[PDB]
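All the letters of the sequence shown, read from the start, carry residue numbers 1670 to 1823, 1830 to 1862 under the deposited numbering. Where a beta carbon is used, it is the ideal one built from N, C-alpha and C, also for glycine.
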Amino acid sequence: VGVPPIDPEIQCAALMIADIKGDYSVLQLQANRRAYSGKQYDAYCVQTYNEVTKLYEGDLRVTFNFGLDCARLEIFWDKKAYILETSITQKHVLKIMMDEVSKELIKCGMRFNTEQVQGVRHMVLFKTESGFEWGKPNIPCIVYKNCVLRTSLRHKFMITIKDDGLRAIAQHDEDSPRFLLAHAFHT
(Lines of atoms letter the chains of each structure in order from A and count residues from 1; the text may use other names and numbers.)
(Lines give C-alpha, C1' and ligand atoms only; values in the text may rest on other atoms or scores of the structure.)
Protein backbone atom coordinates (compact mmCIF):
# COMPACT_ATOMS: atom_id res chain seq x y z
CA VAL A 1 0.00 0.00 0.00
CA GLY A 2 2.99 2.31 0.41
CA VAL A 3 3.44 4.82 3.22
CA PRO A 4 0.96 7.39 4.60
CA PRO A 5 2.40 10.92 4.47
CA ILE A 6 3.67 11.86 7.93
CA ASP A 7 6.73 14.10 7.97
CA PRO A 8 9.09 12.85 10.73
CA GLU A 9 9.23 9.19 9.61
CA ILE A 10 8.64 9.14 5.83
CA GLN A 11 12.39 8.99 5.20
CA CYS A 12 12.89 6.43 7.98
CA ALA A 13 10.23 4.16 6.48
CA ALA A 14 11.77 4.58 3.04
CA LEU A 15 15.19 3.64 4.37
CA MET A 16 13.78 0.59 6.18
CA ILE A 17 12.07 -0.60 3.00
CA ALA A 18 15.19 -0.10 0.89
CA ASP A 19 17.42 -1.76 3.48
CA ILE A 20 15.54 -4.90 4.54
CA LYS A 21 13.11 -5.41 1.65
CA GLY A 22 15.96 -4.79 -0.81
CA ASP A 23 14.25 -2.45 -3.31
CA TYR A 24 15.24 1.22 -3.32
CA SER A 25 11.80 2.34 -4.48
CA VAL A 26 10.45 4.39 -1.57
CA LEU A 27 13.77 6.24 -1.25
CA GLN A 28 13.53 7.16 -4.94
CA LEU A 29 9.94 8.31 -4.43
CA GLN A 30 10.98 10.43 -1.43
CA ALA A 31 13.85 11.96 -3.42
CA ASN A 32 11.48 12.78 -6.28
CA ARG A 33 8.78 14.30 -4.09
CA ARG A 34 10.31 16.00 -1.03
CA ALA A 35 14.10 15.58 -1.07
CA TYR A 36 16.45 17.86 -3.00
CA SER A 37 18.20 19.92 -0.29
CA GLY A 38 21.39 21.68 -1.37
CA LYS A 39 21.86 25.38 -2.07
CA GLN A 40 21.08 26.56 -5.61
CA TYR A 41 23.06 29.77 -6.13
CA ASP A 42 22.15 32.24 -8.87
CA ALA A 43 24.58 32.32 -11.78
CA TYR A 44 24.45 36.12 -12.02
CA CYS A 45 25.04 36.51 -8.25
CA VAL A 46 28.74 36.52 -7.35
CA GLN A 47 29.98 36.78 -3.76
CA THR A 48 33.44 37.97 -2.71
CA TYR A 49 34.88 36.65 0.55
CA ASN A 50 36.55 39.32 2.70
CA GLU A 51 39.37 37.86 4.78
CA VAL A 52 39.50 40.88 7.12
CA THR A 53 35.85 40.59 8.18
CA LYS A 54 35.64 36.80 7.56
CA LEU A 55 32.36 37.43 5.73
CA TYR A 56 31.27 37.24 2.10
CA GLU A 57 30.41 40.38 0.14
CA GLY A 58 28.17 40.79 -2.89
CA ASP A 59 24.58 40.16 -3.98
CA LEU A 60 23.43 36.59 -3.40
CA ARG A 61 20.29 34.67 -4.39
CA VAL A 62 19.83 31.12 -3.09
CA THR A 63 16.94 28.79 -3.91
CA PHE A 64 16.46 25.97 -1.39
CA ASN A 65 14.86 23.04 -3.22
CA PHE A 66 13.13 20.47 -1.00
CA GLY A 67 11.40 18.39 -3.66
CA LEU A 68 7.97 19.61 -4.70
CA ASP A 69 8.39 22.49 -2.23
CA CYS A 70 11.10 25.10 -2.78
CA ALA A 71 12.40 27.99 -0.69
CA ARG A 72 13.51 31.17 -2.48
CA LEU A 73 15.91 33.40 -0.53
CA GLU A 74 16.82 36.91 -1.67
CA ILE A 75 19.36 39.08 0.17
CA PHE A 76 19.64 42.86 -0.29
CA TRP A 77 23.14 43.81 0.84
CA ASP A 78 22.69 47.55 0.26
CA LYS A 79 19.69 47.68 2.61
CA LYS A 80 20.93 44.81 4.83
CA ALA A 81 17.54 43.13 4.35
CA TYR A 82 16.44 39.65 3.29
CA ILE A 83 13.31 38.16 1.72
CA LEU A 84 12.41 34.51 2.37
CA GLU A 85 9.73 32.88 0.21
CA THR A 86 8.91 29.20 0.70
CA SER A 87 6.09 26.68 0.29
CA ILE A 88 7.13 24.28 3.07
CA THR A 89 4.38 23.65 5.63
CA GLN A 90 5.62 20.49 7.40
CA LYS A 91 7.47 20.67 10.71
CA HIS A 92 10.97 19.20 10.60
CA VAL A 93 11.59 20.06 6.94
CA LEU A 94 10.78 23.66 7.88
CA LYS A 95 13.14 23.38 10.86
CA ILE A 96 15.96 22.11 8.62
CA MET A 97 15.32 24.90 6.10
CA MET A 98 15.35 27.49 8.90
CA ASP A 99 18.67 26.10 10.14
CA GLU A 100 20.15 26.24 6.63
CA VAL A 101 18.97 29.81 6.00
CA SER A 102 20.22 30.88 9.44
CA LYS A 103 23.64 29.40 8.65
CA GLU A 104 23.64 31.20 5.29
CA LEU A 105 22.75 34.51 6.97
CA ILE A 106 25.46 33.99 9.60
CA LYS A 107 27.96 33.40 6.80
CA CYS A 108 26.64 36.57 5.14
CA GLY A 109 26.93 38.56 8.38
CA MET A 110 23.31 39.17 9.43
CA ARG A 111 20.71 37.42 11.56
CA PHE A 112 16.98 36.74 11.45
CA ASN A 113 14.67 39.59 12.46
CA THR A 114 12.68 38.36 15.48
CA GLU A 115 9.77 40.26 17.04
CA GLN A 116 7.97 39.22 20.23
CA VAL A 117 4.24 39.88 19.81
CA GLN A 118 1.11 38.60 21.54
CA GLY A 119 -0.84 38.12 18.30
CA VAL A 120 -0.72 38.64 14.53
CA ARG A 121 -3.82 39.21 12.40
CA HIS A 122 -2.15 37.74 9.29
CA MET A 123 -0.28 34.55 8.46
CA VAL A 124 3.29 34.78 9.76
CA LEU A 125 6.08 32.32 10.50
CA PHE A 126 6.29 31.79 14.27
CA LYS A 127 8.37 29.45 16.43
CA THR A 128 6.77 27.50 19.28
CA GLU A 129 8.04 24.92 21.75
CA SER A 130 7.14 22.10 19.34
CA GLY A 131 8.87 23.79 16.39
CA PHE A 132 8.12 26.12 13.47
CA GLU A 133 4.54 26.45 12.21
CA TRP A 134 2.65 28.63 9.73
CA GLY A 135 -0.58 30.38 10.65
CA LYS A 136 -2.01 33.06 12.92
CA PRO A 137 -0.45 32.82 16.41
CA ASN A 138 -2.72 33.99 19.23
CA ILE A 139 -0.08 33.16 21.87
CA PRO A 140 2.86 35.44 22.79
CA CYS A 141 5.79 33.85 20.98
CA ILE A 142 8.62 34.70 18.56
CA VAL A 143 7.63 35.70 15.02
CA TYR A 144 10.24 35.81 12.25
CA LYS A 145 9.86 38.80 9.94
CA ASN A 146 10.35 38.81 6.16
CA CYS A 147 8.82 35.33 5.84
CA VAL A 148 6.23 34.82 3.10
CA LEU A 149 4.46 31.52 2.41
CA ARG A 150 4.12 31.28 -1.38
CA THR A 151 2.00 28.27 -2.33
CA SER A 152 2.50 29.08 -6.03
CA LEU A 153 6.14 27.94 -5.79
CA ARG A 154 4.98 24.31 -6.05
CA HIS A 155 13.57 11.37 -12.31
CA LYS A 156 16.62 9.22 -11.56
CA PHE A 157 18.91 9.41 -8.53
CA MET A 158 21.64 7.27 -7.00
CA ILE A 159 22.00 6.72 -3.25
CA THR A 160 25.15 6.13 -1.20
CA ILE A 161 24.56 4.30 2.09
CA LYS A 162 26.56 5.04 5.24
CA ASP A 163 26.41 4.11 8.94
CA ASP A 164 25.34 0.55 8.02
CA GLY A 165 22.07 1.97 6.69
CA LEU A 166 21.29 4.90 8.97
CA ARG A 167 21.94 7.89 6.68
CA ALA A 168 21.42 8.29 2.94
CA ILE A 169 22.95 10.77 0.50
CA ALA A 170 21.58 11.27 -3.01
CA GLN A 171 22.23 13.43 -6.06
CA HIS A 172 20.81 13.95 -9.53
CA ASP A 173 23.82 12.82 -11.58
CA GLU A 174 27.46 11.93 -10.95
CA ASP A 175 28.52 15.60 -10.96
CA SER A 176 25.62 16.80 -8.80
CA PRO A 177 26.35 18.08 -5.27
CA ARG A 178 25.89 15.60 -2.44
CA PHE A 179 22.98 16.16 -0.05
CA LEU A 180 21.71 14.10 2.88
CA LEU A 181 18.74 12.31 1.33
CA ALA A 182 17.46 10.57 4.46
CA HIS A 183 18.43 9.56 7.99
CA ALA A 184 16.84 7.60 10.82
CA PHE A 185 18.37 9.69 13.63
CA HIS A 186 15.05 11.38 14.41
CA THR A 187 12.93 11.62 17.57
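Please return the same chain residues whose Cβ sits closer than 6 Å to the Cβ of residue i, not counting the five positions on each side in sequence.
i: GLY1727; result: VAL1715, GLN1716, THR1717
i: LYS1796; result: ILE1811
For residue i, which of helix, strand or coil comes out of DSSP?
i: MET1792; result: coil
i: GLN1699; result: helix
i: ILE1808; result: coil
i: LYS1748; result: coil
i: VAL1817; result: strand
i: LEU1737; result: coil
i: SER1706; result: strand
By how many angstroms is the C-alpha of residue j removed from the C-alpha of residue i?
i: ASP1747; j: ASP1692; result: 51 Å
i: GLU1784; j: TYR1751; result: 15 Å
i: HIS1858; j: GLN1680; result: 7 Å
Is the CB-CB distance between residue i and residue j below 8 Å?
i: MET1767; j: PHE1801; result: yes
i: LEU1855; j: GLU1754; result: no
i: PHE1733; j: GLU1678; result: no
In chain order, what residues of the same chain lie with their CB nearer than 7 Å to the CB of residue i, ignoring the 5 residues before and after it?
i: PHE1781; result: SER1771, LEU1774, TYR1813
Item to complete: Identify every run of the beta strand (DSSP E) within the region 1755 to 1795, keeping only runs that are complete inside it and at least 3 residues long; order them along the chain.
Response: Taken in chain order, the unbroken stretches of beta strand (DSSP E) that lie wholly in the region 1755 to 1795 and span 3 residues or more are 1783 to 1786.
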